[PDB]
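This report refers to the structure that appears directly beneath it.
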Amino acid sequence: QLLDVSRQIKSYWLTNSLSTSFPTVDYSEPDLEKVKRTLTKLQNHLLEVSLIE
Amino acid sequence: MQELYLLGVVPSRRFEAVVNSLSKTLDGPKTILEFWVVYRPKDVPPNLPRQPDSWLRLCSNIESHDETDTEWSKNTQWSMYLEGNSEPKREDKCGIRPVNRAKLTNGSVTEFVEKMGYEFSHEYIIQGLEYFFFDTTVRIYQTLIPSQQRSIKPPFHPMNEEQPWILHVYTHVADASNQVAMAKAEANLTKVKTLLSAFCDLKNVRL
Amino acid sequence: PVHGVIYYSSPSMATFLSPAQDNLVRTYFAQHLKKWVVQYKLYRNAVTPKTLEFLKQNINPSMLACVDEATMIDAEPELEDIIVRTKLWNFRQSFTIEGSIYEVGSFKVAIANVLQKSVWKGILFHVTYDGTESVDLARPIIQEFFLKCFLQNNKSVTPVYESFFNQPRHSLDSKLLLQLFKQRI
Amino acid sequence: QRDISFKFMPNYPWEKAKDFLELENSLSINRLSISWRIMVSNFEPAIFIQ
């Protein structure tokens, strides 16, 4: 019975929503300007473009 | 327009826990910074106006102007709130507060209200976060008195030393008369209250 | 661009709107765009401070509303309800304008009746002329067209109105419309 | 095909994006304008359409 109680206590401690974070494994870089350029490049396929005005 | 509300209290250490943990329960936090000023009818005819409650207050969003420079009451958009007292005989259920509001542009709001004949009463700041559930909001805020009238950003004067935070639950029904819509807002409020009650206890109060 | 506001108070002009529209469409190939309606309301609190609000239906989103004669703001319809709930402001006095906007060749016109509680039938016209924006050249083109398109009674009556001018919006300022109601009471 | 001069001149919203959340809101956009210019003949004034 004591072991049941101690287990319950552990579970309770682990049930508490105190994590307040995420695992976050990041560090692969966006290189956005490349995505812009590939977007435009695709969107203007076979299209003669001109300058803004 | 009718608003159904619950509210509660949150001490300071208990604030941070209630916050992070709220982020775990329901839709993520939106930063809210509001500047409020009230006005009072100068005529005070004692028989019928009933100026103590019905007098109006008006406020506006200060998202980012005061940190950048001196606050500009002319620059931000303004809106005016008429919120009446809450309906009694509601100890058991959620509270009901009738509220009407209008957005105001291209005018001197101050000069307009005082030209109505209303006149300054009190000026307070609301700062905090609000979270979302389906068609029902929930903001935890604090009531920061300004350092000065139209106070700048650095000061943010607080009202009390304990600095308790206040819990507000938002629900809006357009039409007072419809019992079905009151029923669904009531049940939405019950369900959100249940979850929020696991989180922390809160209940209906007057006004 | 440049638009004129004309206004008539003769009783013949009273009966005039519906046959005027009809003839306009039939004979000059007008096309009917949005109906026009605007509502003016006038009242004042127990201390005699005037306040009036009026509501263009086209750009209802912004309702223009002024204290006494002097001071005005743009605000929402719920504001009006606010003022009713406060009860400090007294009871309404209502004018209304109902007609419909037409587009005819190079200009767009508004033909509307003005009235309070369907009292009378004094007619308001509003012609925006797409083109030169020189008031002096538009005024006689507008005048010419108006004459031509409503010439049956045109010999019979003369207006009281606000002169035409040049303004970028395609609809006439709401504040100006207030001034028309206030000169009209 | 019929040998008419023209200039395309498109201005996509995703070009303007400062960061990635901006890029998101850029893709989600409800309407965009693309301005064309069309020269029918050398002496004729250009006719342009958006």
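Every chain in the structure tokens takes a letter, A first, then B, and so on in the order presented; its residues are numbered from 1, and the ligands are numbered from 1 following the presented order.
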- Message: For a quick test of understanding: name the residues of chain B lying within 6 Å of chain C when counting only C-alpha atoms, and present them as a ChimeraX atom specification.
- Response: /B:102-107
Preceding selection exported with N, CA and C atoms as a PDB file, in the first residue's frame:
ATOM      1  N   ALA B 102     -19.033  52.033 -29.024  1.00  0.00           N
ATOM      2  CA  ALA B 102     -18.909  52.578 -30.368  1.00  0.00           C
ATOM      3  C   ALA B 102     -17.487  53.050 -30.619  1.00  0.00           C
ATOM      4  N   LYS B 103     -17.031  52.881 -31.856  1.00  0.00           N
ATOM      5  CA  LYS B 103     -15.705  53.332 -32.256  1.00  0.00           C
ATOM      6  C   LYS B 103     -15.795  54.749 -32.805  1.00  0.00           C
ATOM      7  N   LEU B 104     -14.805  55.568 -32.463  1.00  0.00           N
ATOM      8  CA  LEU B 104     -14.835  56.991 -32.763  1.00  0.00           C
ATOM      9  C   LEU B 104     -13.574  57.370 -33.526  1.00  0.00           C
ATOM     10  N   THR B 105     -13.744  58.077 -34.646  1.00  0.00           N
ATOM     11  CA  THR B 105     -12.626  58.536 -35.461  1.00  0.00           C
ATOM     12  C   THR B 105     -12.861  59.967 -35.923  1.00  0.00           C
ATOM     13  N   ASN B 106     -11.779  60.591 -36.390  1.00  0.00           N
ATOM     14  CA  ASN B 106     -11.801  61.921 -37.001  1.00  0.00           C
ATOM     15  C   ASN B 106     -12.549  62.932 -36.129  1.00  0.00           C
ATOM     16  N   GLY B 107     -12.078  63.067 -34.896  1.00  0.00           N
ATOM     17  CA  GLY B 107     -12.684  64.000 -33.968  1.00  0.00           C
ATOM     18  C   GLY B 107     -11.875  64.109 -32.698  1.00  0.00           C
TER      19      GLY B 107
END
- Message: Quick one: residues within 12 Å of region 62-65 of chain B, only C-alpha atoms, excluding same-chain residues fewer than 6 positions away - as an MDAnalysis selection string?
- Response: chainID B and resid 30:36 71:78 125:128 150:154
Give me the residues near region 116-127 of chain C as a PDB file with C-alpha atoms, in the first residue's frame, where near means some atom within 8 Å (using only C-alpha atoms) and where sequence neighbours in that chain fewer than 5 positions away do not count.
ATOM      1  CA  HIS C   3     -19.685  67.382 -58.716  1.00  0.00           C
ATOM      2  CA  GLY C   4     -22.744  69.566 -58.343  1.00  0.00           C
ATOM      3  CA  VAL C   5     -25.487  69.446 -55.737  1.00  0.00           C
ATOM      4  CA  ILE C   6     -28.843  70.788 -56.790  1.00  0.00           C
ATOM      5  CA  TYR C   7     -32.034  70.969 -54.813  1.00  0.00           C
ATOM      6  CA  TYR C   8     -35.657  71.849 -55.521  1.00  0.00           C
ATOM      7  CA  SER C   9     -38.583  72.813 -53.277  1.00  0.00           C
ATOM      8  CA  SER C  10     -41.367  73.420 -55.779  1.00  0.00           C
ATOM      9  CA  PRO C  11     -44.420  71.153 -55.421  1.00  0.00           C
ATOM     10  CA  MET C  13     -40.687  68.835 -58.270  1.00  0.00           C
ATOM     11  CA  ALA C  14     -42.528  66.952 -55.537  1.00  0.00           C
ATOM     12  CA  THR C  15     -44.333  64.463 -57.852  1.00  0.00           C
ATOM     13  CA  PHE C  16     -41.239  64.325 -60.049  1.00  0.00           C
ATOM     14  CA  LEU C  17     -38.827  61.612 -58.875  1.00  0.00           C
ATOM     15  CA  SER C  94     -35.945  63.012 -38.127  1.00  0.00           C
ATOM     16  CA  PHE C  95     -35.338  63.963 -41.742  1.00  0.00           C
ATOM     17  CA  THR C  96     -34.590  61.388 -44.435  1.00  0.00           C
ATOM     18  CA  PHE C 107     -21.445  61.231 -65.191  1.00  0.00           C
ATOM     19  CA  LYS C 108     -23.231  59.693 -62.228  1.00  0.00           C
ATOM     20  CA  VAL C 109     -26.267  61.344 -60.658  1.00  0.00           C
ATOM     21  CA  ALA C 110     -28.331  60.877 -57.524  1.00  0.00           C
ATOM     22  CA  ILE C 111     -32.063  61.530 -57.622  1.00  0.00           C
ATOM     23  CA  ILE C 142     -23.366  69.559 -65.810  1.00  0.00           C
TER      24      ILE C 142
END
- Message: Among chain A, which ones does DSSP assign to alpha helix (DSSP H) (computed from the backbone)? Answer as a PyMOL selection string.
- Response: chain A and resi 2-15+32-43
Those same residues - N, CA and C atoms - I'd like them written as a JSON list (two decimals), in the first residue's frame.
[["chain", "number", "residue", "atom", "x", "y", "z"],
["A", 2, "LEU", "N", 1.92, 1.26, 0.81],
["A", 2, "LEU", "CA", 2.86, 2.38, 0.77],
["A", 2, "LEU", "C", 3.41, 2.59, -0.63],
["A", 3, "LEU", "N", 3.75, 1.50, -1.33],
["A", 3, "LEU", "CA", 4.27, 1.66, -2.68],
["A", 3, "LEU", "C", 3.24, 2.28, -3.61],
["A", 4, "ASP", "N", 1.97, 1.88, -3.47],
["A", 4, "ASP", "CA", 0.91, 2.54, -4.22],
["A", 4, "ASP", "C", 0.90, 4.03, -3.97],
["A", 5, "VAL", "N", 0.98, 4.43, -2.69],
["A", 5, "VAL", "CA", 0.97, 5.85, -2.37],
["A", 5, "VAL", "C", 2.14, 6.57, -3.03],
["A", 6, "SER", "N", 3.35, 6.04, -2.86],
["A", 6, "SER", "CA", 4.52, 6.72, -3.42],
["A", 6, "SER", "C", 4.42, 6.85, -4.93],
["A", 7, "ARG", "N", 3.98, 5.79, -5.61],
["A", 7, "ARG", "CA", 3.72, 5.89, -7.04],
["A", 7, "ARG", "C", 2.77, 7.04, -7.34],
["A", 8, "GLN", "N", 1.59, 7.04, -6.72],
["A", 8, "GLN", "CA", 0.65, 8.14, -6.90],
["A", 8, "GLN", "C", 1.33, 9.49, -6.78],
["A", 9, "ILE", "N", 2.17, 9.67, -5.75],
["A", 9, "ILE", "CA", 2.84, 10.95, -5.56],
["A", 9, "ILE", "C", 3.72, 11.28, -6.76],
["A", 10, "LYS", "N", 4.54, 10.32, -7.20],
["A", 10, "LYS", "CA", 5.34, 10.55, -8.40],
["A", 10, "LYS", "C", 4.47, 10.99, -9.57],
["A", 11, "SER", "N", 3.43, 10.20, -9.87],
["A", 11, "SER", "CA", 2.53, 10.53, -10.97],
["A", 11, "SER", "C", 2.01, 11.96, -10.84],
["A", 12, "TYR", "N", 1.46, 12.31, -9.68],
["A", 12, "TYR", "CA", 1.01, 13.67, -9.43],
["A", 12, "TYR", "C", 2.09, 14.68, -9.79],
["A", 13, "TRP", "N", 3.30, 14.48, -9.28],
["A", 13, "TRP", "CA", 4.39, 15.40, -9.60],
["A", 13, "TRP", "C", 4.59, 15.48, -11.10],
["A", 14, "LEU", "N", 4.47, 14.36, -11.79],
["A", 14, "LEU", "CA", 4.71, 14.38, -13.23],
["A", 14, "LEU", "C", 3.50, 14.91, -14.00],
["A", 15, "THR", "N", 2.30, 14.74, -13.44],
["A", 15, "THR", "CA", 1.08, 15.31, -14.02],
["A", 15, "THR", "C", 1.07, 16.84, -14.02],
["A", 32, "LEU", "N", 15.76, 32.65, -46.15],
["A", 32, "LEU", "CA", 14.52, 33.13, -46.74],
["A", 32, "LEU", "C", 14.75, 33.71, -48.14],
["A", 33, "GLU", "N", 15.73, 34.60, -48.28],
["A", 33, "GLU", "CA", 15.88, 35.30, -49.56],
["A", 33, "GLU", "C", 15.93, 34.31, -50.72],
["A", 34, "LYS", "N", 16.52, 33.13, -50.49],
["A", 34, "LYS", "CA", 16.46, 32.06, -51.48],
["A", 34, "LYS", "C", 15.03, 31.60, -51.74],
["A", 35, "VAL", "N", 14.21, 31.49, -50.69],
["A", 35, "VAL", "CA", 12.85, 31.03, -50.93],
["A", 35, "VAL", "C", 12.07, 32.09, -51.70],
["A", 36, "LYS", "N", 12.24, 33.36, -51.36],
["A", 36, "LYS", "CA", 11.64, 34.40, -52.18],
["A", 36, "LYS", "C", 12.02, 34.21, -53.64],
["A", 37, "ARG", "N", 13.31, 34.09, -53.91],
["A", 37, "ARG", "CA", 13.76, 34.06, -55.29],
["A", 37, "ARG", "C", 13.23, 32.83, -56.01],
["A", 38, "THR", "N", 13.18, 31.68, -55.34],
["A", 38, "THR", "CA", 12.64, 30.49, -56.00],
["A", 38, "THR", "C", 11.14, 30.62, -56.23],
["A", 39, "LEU", "N", 10.43, 31.23, -55.28],
["A", 39, "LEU", "CA", 9.02, 31.52, -55.47],
["A", 39, "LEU", "C", 8.81, 32.33, -56.74],
["A", 40, "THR", "N", 9.35, 33.55, -56.77],
["A", 40, "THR", "CA", 9.23, 34.41, -57.94],
["A", 40, "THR", "C", 9.62, 33.67, -59.22],
["A", 41, "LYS", "N", 10.79, 33.02, -59.20],
["A", 41, "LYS", "CA", 11.28, 32.27, -60.36],
["A", 41, "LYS", "C", 10.22, 31.32, -60.89],
["A", 42, "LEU", "N", 9.60, 30.56, -59.99],
["A", 42, "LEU", "CA", 8.56, 29.63, -60.41],
["A", 42, "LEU", "C", 7.34, 30.39, -60.93],
["A", 43, "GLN", "N", 6.91, 31.41, -60.20],
["A", 43, "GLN", "CA", 5.68, 32.12, -60.55],
["A", 43, "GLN", "C", 5.77, 32.79, -61.91]]
Show me a table, sorted first by chain and then by increasing residue number, of the residues of chain B having an atom at most 10 Å from chain A, each with its shortest atom pair and the distance in Å to one decimal, counting only C-alpha atoms and written as a Markdown table.
| residue | atom | partner | partner_atom | distance |
| --- | --- | --- | --- | --- |
| B:17 | CA | A:18 | CA | 8.1 |
| B:20 | CA | A:20 | CA | 6.4 |
| B:21 | CA | A:17 | CA | 6.5 |
| B:22 | CA | A:17 | CA | 9.8 |
| B:23 | CA | A:20 | CA | 9.0 |
| B:24 | CA | A:17 | CA | 7.7 |
| B:25 | CA | A:17 | CA | 9.6 |
Create the file for the chosen residues now, containing N, CA and C atoms and written as a compact mmCIF listing (two decimals), in the first residue's frame.
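Full text of result.txt as output:
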# COMPACT_ATOMS: atom_id res chain seq x y z
N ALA B 17 2.22 31.29 -12.49
CA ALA B 17 1.74 29.92 -12.69
C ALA B 17 0.43 29.92 -13.47
N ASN B 20 1.46 30.85 -17.47
CA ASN B 20 2.05 29.77 -18.27
C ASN B 20 1.05 28.68 -18.45
N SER B 21 0.41 28.33 -17.34
CA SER B 21 -0.43 27.17 -17.26
C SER B 21 -1.72 27.44 -18.05
N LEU B 22 -2.19 28.69 -18.08
CA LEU B 22 -3.31 29.07 -18.96
C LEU B 22 -2.97 28.84 -20.43
N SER B 23 -1.82 29.36 -20.87
CA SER B 23 -1.26 28.98 -22.17
C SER B 23 -1.35 27.48 -22.43
N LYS B 24 -1.20 26.65 -21.40
CA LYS B 24 -1.38 25.22 -21.65
C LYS B 24 -2.85 24.85 -21.86
N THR B 25 -3.78 25.54 -21.19
CA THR B 25 -5.18 25.12 -21.30
C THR B 25 -5.88 25.57 -22.58
- Please provide the set of residues having any atom within 9 Å of residue 145 (chain B), restricted to only C-alpha atoms, with same-chain residues fewer than 5 positions apart removed, written as a ChimeraX atom specification. /B:123-126,156-159
- Query: Out of region 40-173 of chain C, which residues get strand (DSSP E or B) from DSSP, as a PyMOL selection string?
  - Reply: chain C and resi 40-44+50-56+63-67+71-75+94-104+107-115+123-129+165-166
Keeping only C-alpha atoms, take the residues you just selected and write them out as a PDB file, in the first residue's frame.
ATOM      1  CA  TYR C  40     -30.809  63.010 -40.118  1.00  0.00           C
ATOM      2  CA  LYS C  41     -31.741  63.163 -36.442  1.00  0.00           C
ATOM      3  CA  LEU C  42     -31.794  66.208 -34.167  1.00  0.00           C
ATOM      4  CA  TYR C  43     -32.303  66.471 -30.403  1.00  0.00           C
ATOM      5  CA  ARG C  44     -30.790  68.079 -27.332  1.00  0.00           C
ATOM      6  CA  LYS C  50     -27.893  70.655 -29.485  1.00  0.00           C
ATOM      7  CA  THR C  51     -26.751  67.325 -30.920  1.00  0.00           C
ATOM      8  CA  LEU C  52     -27.537  65.846 -34.273  1.00  0.00           C
ATOM      9  CA  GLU C  53     -26.373  62.788 -36.130  1.00  0.00           C
ATOM     10  CA  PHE C  54     -26.882  61.700 -39.670  1.00  0.00           C
ATOM     11  CA  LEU C  55     -26.243  58.484 -41.516  1.00  0.00           C
ATOM     12  CA  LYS C  56     -25.287  58.148 -45.128  1.00  0.00           C
ATOM     13  CA  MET C  63     -21.647  57.872 -38.913  1.00  0.00           C
ATOM     14  CA  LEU C  64     -21.031  61.600 -38.583  1.00  0.00           C
ATOM     15  CA  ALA C  65     -22.449  63.244 -35.465  1.00  0.00           C
ATOM     16  CA  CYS C  66     -22.028  66.767 -34.080  1.00  0.00           C
ATOM     17  CA  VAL C  67     -22.703  68.525 -30.767  1.00  0.00           C
ATOM     18  CA  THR C  71     -18.282  70.153 -32.707  1.00  0.00           C
ATOM     19  CA  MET C  72     -18.445  66.871 -34.653  1.00  0.00           C
ATOM     20  CA  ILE C  73     -16.932  63.356 -34.649  1.00  0.00           C
ATOM     21  CA  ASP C  74     -17.205  60.171 -36.716  1.00  0.00           C
ATOM     22  CA  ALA C  75     -18.679  57.328 -34.666  1.00  0.00           C
ATOM     23  CA  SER C  94     -35.945  63.012 -38.127  1.00  0.00           C
ATOM     24  CA  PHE C  95     -35.338  63.963 -41.742  1.00  0.00           C
ATOM     25  CA  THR C  96     -34.590  61.388 -44.435  1.00  0.00           C
ATOM     26  CA  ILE C  97     -33.504  61.288 -48.086  1.00  0.00           C
ATOM     27  CA  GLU C  98     -34.357  58.297 -50.273  1.00  0.00           C
ATOM     28  CA  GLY C  99     -33.627  57.871 -53.959  1.00  0.00           C
ATOM     29  CA  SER C 100     -31.209  55.917 -56.100  1.00  0.00           C
ATOM     30  CA  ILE C 101     -27.939  56.576 -57.929  1.00  0.00           C
ATOM     31  CA  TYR C 102     -27.738  56.245 -61.714  1.00  0.00           C
ATOM     32  CA  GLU C 103     -24.759  56.213 -64.049  1.00  0.00           C
ATOM     33  CA  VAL C 104     -25.438  57.947 -67.364  1.00  0.00           C
ATOM     34  CA  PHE C 107     -21.445  61.231 -65.191  1.00  0.00           C
ATOM     35  CA  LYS C 108     -23.231  59.693 -62.228  1.00  0.00           C
ATOM     36  CA  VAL C 109     -26.267  61.344 -60.658  1.00  0.00           C
ATOM     37  CA  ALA C 110     -28.331  60.877 -57.524  1.00  0.00           C
ATOM     38  CA  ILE C 111     -32.063  61.530 -57.622  1.00  0.00           C
ATOM     39  CA  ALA C 112     -33.645  61.511 -54.193  1.00  0.00           C
ATOM     40  CA  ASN C 113     -36.687  62.740 -52.335  1.00  0.00           C
ATOM     41  CA  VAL C 114     -36.165  64.580 -49.071  1.00  0.00           C
ATOM     42  CA  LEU C 115     -38.893  64.281 -46.467  1.00  0.00           C
ATOM     43  CA  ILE C 123     -36.075  66.674 -54.690  1.00  0.00           C
ATOM     44  CA  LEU C 124     -32.294  66.602 -54.373  1.00  0.00           C
ATOM     45  CA  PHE C 125     -29.950  65.943 -57.298  1.00  0.00           C
ATOM     46  CA  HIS C 126     -26.225  65.186 -57.155  1.00  0.00           C
ATOM     47  CA  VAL C 127     -24.161  64.951 -60.355  1.00  0.00           C
ATOM     48  CA  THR C 128     -20.516  63.885 -60.272  1.00  0.00           C
ATOM     49  CA  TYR C 129     -19.015  64.562 -63.693  1.00  0.00           C
ATOM     50  CA  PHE C 165     -17.353  72.205 -56.607  1.00  0.00           C
ATOM     51  CA  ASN C 166     -14.452  69.774 -57.027  1.00  0.00           C
TER      52      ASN C 166
END
- The residue from D:40, D:27, D:49, D:9 with the smallest atom-to-atom distance to residue 53 (chain A), counting only C-alpha atoms, is D:9
- Might you pull out every residue within 8 Å of region 45-49 of chain A, with only C-alpha atoms counted and same-chain residues fewer than 5 positions away left off, and present them as JSON, numbers by chain? {"D": [7, 8, 9, 10]}
Kindly assemble as a tab-separated table a list of the chain D residues that lie within 9 Å of chain A, each paired with its nearest atom pair and their distance in Å to one decimal, using only C-alpha atoms, sorted first by chain and then by ascending residue number.
residue	atom	partner	partner_atom	distance
D:7	CA	A:50	CA	5.7
D:8	CA	A:49	CA	5.0
D:9	CA	A:50	CA	4.7
D:10	CA	A:49	CA	7.3
D:11	CA	A:52	CA	7.7
D:12	CA	A:40	CA	7.8
D:14	CA	A:36	CA	6.6
D:15	CA	A:36	CA	6.0
D:16	CA	A:36	CA	8.9
D:17	CA	A:36	CA	8.5
D:19	CA	A:32	CA	7.7
D:20	CA	A:32	CA	7.4
D:23	CA	A:36	CA	8.9
D:35	CA	A:53	CA	8.8
- Hey, what's within 7 Å of residue 168 (chain B) if we count only C-alpha atoms and toss same-chain stuff fewer than 2 positions away? As JSON, numbers by chain, please? {"B": [5, 6, 7, 8, 138, 139, 140, 166, 170]}
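Across the structure, CA of residue 153 (chain C) and CA of residue 139 (chain C) are spaced 20.4 Å apart.
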Within 9 Å of residue 51 (chain B), counting only C-alpha atoms, which residues qualify if same-chain residues fewer than 6 places away don't, as a PDB file with N, CA and C atoms, in the first residue's frame?
ATOM      1  N   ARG B  40     -18.475  62.209 -16.504  1.00  0.00           N
ATOM      2  CA  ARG B  40     -19.541  62.407 -15.523  1.00  0.00           C
ATOM      3  C   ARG B  40     -20.469  63.523 -15.989  1.00  0.00           C
ATOM      4  N   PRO B  41     -21.790  63.324 -15.952  1.00  0.00           N
ATOM      5  CA  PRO B  41     -22.725  64.380 -16.388  1.00  0.00           C
ATOM      6  C   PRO B  41     -22.826  65.511 -15.368  1.00  0.00           C
ATOM      7  N   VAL B  44     -26.445  66.738 -13.210  1.00  0.00           N
ATOM      8  CA  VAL B  44     -26.918  65.979 -12.051  1.00  0.00           C
ATOM      9  C   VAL B  44     -28.360  66.316 -11.673  1.00  0.00           C
ATOM     10  N   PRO B  45     -29.335  66.243 -12.580  1.00  0.00           N
ATOM     11  CA  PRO B  45     -30.732  66.378 -12.148  1.00  0.00           C
ATOM     12  C   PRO B  45     -31.146  65.160 -11.346  1.00  0.00           C
TER      13      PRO B  45
ATOM     14  N   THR C  86     -28.634  56.664 -22.082  1.00  0.00           N
ATOM     15  CA  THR C  86     -28.283  57.617 -21.036  1.00  0.00           C
ATOM     16  C   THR C  86     -29.459  58.521 -20.678  1.00  0.00           C
TER      17      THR C  86
END
- Record the distance separating CA of residue 196 (chain B) and CA of residue 169 (chain B), expressed in Å with one decimal.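 Rounded to one decimal, the two atoms are 9.8 Å apart.
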